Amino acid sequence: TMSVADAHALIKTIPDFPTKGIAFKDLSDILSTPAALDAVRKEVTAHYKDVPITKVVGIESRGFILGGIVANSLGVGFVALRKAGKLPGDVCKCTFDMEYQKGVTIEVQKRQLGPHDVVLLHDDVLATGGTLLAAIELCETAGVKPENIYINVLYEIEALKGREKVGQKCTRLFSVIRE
């Protein structure tokens, strides 16, 4: 049976993508290899076994893949945080900047989150930490209490120290793999 380290060995590093200068970490082979996807899933589910999570909040769009898997595995609902203009109904918004794009805007439906929730914010990669910091703000504006947010990412690029950045709003950050 594959281990988390085996999953790590499946990651491809593509230079100059999506633009020259950025070394893209392609985690696609982890998702397409069942034994690897399981290893990573089990690591996440085991880590939060004693945490009363009530909702998994996944970030559009790569945060949706292992995001739904983890929610269903934990037995809790999945909530989508997505790019502006996509979610119908009442929504909370927040504009931010990430590694290769400025002026991004994420949204979440007001009705999907509130003070009773314990959220597991999940995304695939932690780079600078802008998407997640903006994500934490979204959840808090929707009513979720600061102490009730937990963050999980599949891959953490420690180089850009996003953990410290995100640390200003949330210090319960668990990453399956560190570069």
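Sequential numbering from 1, following the sequence displayed.
- Taking the PDB entry as given, 127 to 135 carries the higher mean Cα B factor of the two stretches 49 to 57 and 127 to 135.
- Higher mean CA temperature factor between 64 to 72 and 37 to 45: 37 to 45, per the PDB entry.
- Sorting the modelled residues of the chain by their CA temperature factor places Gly85 in the highest third.
- Annotation for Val79: C-alpha temperature factor in the lowest third relative to the rest of the modelled chain, per the entry.
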